[PDB]
2 protein chains.
Amino acid sequence: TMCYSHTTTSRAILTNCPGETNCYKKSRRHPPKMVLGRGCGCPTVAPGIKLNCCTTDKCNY
Amino acid sequence: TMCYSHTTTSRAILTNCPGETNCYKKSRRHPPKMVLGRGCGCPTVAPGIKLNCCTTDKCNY
């Protein structure tokens, strides 16, 4: 499964995710509402974050 | 000097900044290009961040 990936500061790339089936998109739940991170897997997320986890290639754009 | 303030996850408020003359806006230098934080002062910033520091009330919107 290929997923977009980046931290809040790093650059947005496309990776393969060995051993994972999901991709994630973390976003700010409160305005500004924006994406804070994308990556492999489905991490547990701290408060204030909306977490979306999907299973097809490139689904986390 | 009153400045907007928030972390990447906390809520956006308006604060007074005792003892500071500047407000800051941290942003992502690389796309998505977006604001990651606002607050009192002019902090030193890690790589990948565009830092703007201003001196009038509410200048960091």
# chains A, B, ... in the order shown; residues from 1 in each chain; ligands from 1
>>> interface_residues(of="chain B", to="chain A", cutoff="12 Å", atoms="only C-alpha atoms", output="number ranges by chain")
B: 5-13, 26-38, 45-50, 61
>>> write_last_selection(atoms="C-alpha atoms", output="mmCIF file, in the first residue's frame")
data_model
loop_
_atom_site.group_PDB
_atom_site.id
_atom_site.type_symbol
_atom_site.label_atom_id
_atom_site.label_comp_id
_atom_site.auth_asym_id
_atom_site.auth_seq_id
_atom_site.Cartn_x
_atom_site.Cartn_y
_atom_site.Cartn_z
ATOM 1 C CA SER B 5 -1.960 32.520 19.922
ATOM 2 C CA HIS B 6 -2.261 28.770 19.335
ATOM 3 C CA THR B 7 -0.172 25.632 18.987
ATOM 4 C CA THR B 8 -0.605 23.218 16.111
ATOM 5 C CA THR B 9 -3.544 21.633 17.966
ATOM 6 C CA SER B 10 -4.757 24.124 20.678
ATOM 7 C CA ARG B 11 -7.474 26.713 20.006
ATOM 8 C CA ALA B 12 -6.817 30.195 18.566
ATOM 9 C CA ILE B 13 -7.139 32.884 21.190
ATOM 10 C CA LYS B 26 5.221 30.154 12.213
ATOM 11 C CA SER B 27 4.374 28.609 8.808
ATOM 12 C CA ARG B 28 5.300 25.640 6.698
ATOM 13 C CA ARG B 29 7.950 26.737 4.195
ATOM 14 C CA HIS B 30 7.146 23.654 1.985
ATOM 15 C CA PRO B 31 3.559 22.823 0.605
ATOM 16 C CA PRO B 32 1.081 22.429 2.087
ATOM 17 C CA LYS B 33 1.893 25.797 3.030
ATOM 18 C CA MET B 34 0.025 26.697 6.169
ATOM 19 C CA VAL B 35 0.338 28.346 9.552
ATOM 20 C CA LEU B 36 1.484 25.988 12.297
ATOM 21 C CA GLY B 37 1.523 28.336 15.286
ATOM 22 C CA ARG B 38 1.015 31.898 16.537
ATOM 23 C CA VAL B 45 12.525 28.139 14.811
ATOM 24 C CA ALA B 46 13.657 24.671 13.577
ATOM 25 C CA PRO B 47 14.186 23.949 9.868
ATOM 26 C CA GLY B 48 11.272 23.838 7.406
ATOM 27 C CA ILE B 49 9.572 26.800 9.141
ATOM 28 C CA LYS B 50 8.989 30.351 7.804
ATOM 29 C CA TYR B 61 -3.171 37.048 11.905
#
>>> residues_around(residues="residue A:52", least_positions_apart="3", cutoff="8 Å", atoms="only C-alpha atoms", output="compact mmCIF listing (two decimals) with C-alpha atoms, in the first residue's frame")
# COMPACT_ATOMS: atom_id res chain seq x y z
CA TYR A 24 -3.45 8.08 7.71
CA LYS A 25 -4.24 11.76 7.56
CA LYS A 26 -4.08 13.76 10.80
CA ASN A 60 -4.68 9.79 2.25
>>> residues_around(residues="stretch 42-44 of chain B", least_positions_apart="6", cutoff="8 Å", atoms="only C-alpha atoms", output="ChimeraX atom specification")
/B:22-24,53
>>> residues_around(residues="residue B:57", least_positions_apart="3", cutoff="7 Å", atoms="only C-alpha atoms", output="list in words")
residues 1, 2 and 3 of chain B
>>> atom_distance(atom1="atom CA of residue B:16", atom2="atom CA of residue B:51")
19.8 Å
>>> select_by_dssp(residues="chain B", states="strand (DSSP E)", output="list in words")
residues 2, 3, 4, 5, 13, 14, 15, 16, 23, 24, 25, 26, 27, 28, 35, 36, 37, 38, 39, 40, 49, 50, 51, 52, 53 and 54 of chain B
>>> atom_distance(atom1="atom CA of residue A:41", atom2="atom CA of residue A:17")
7.8 Å
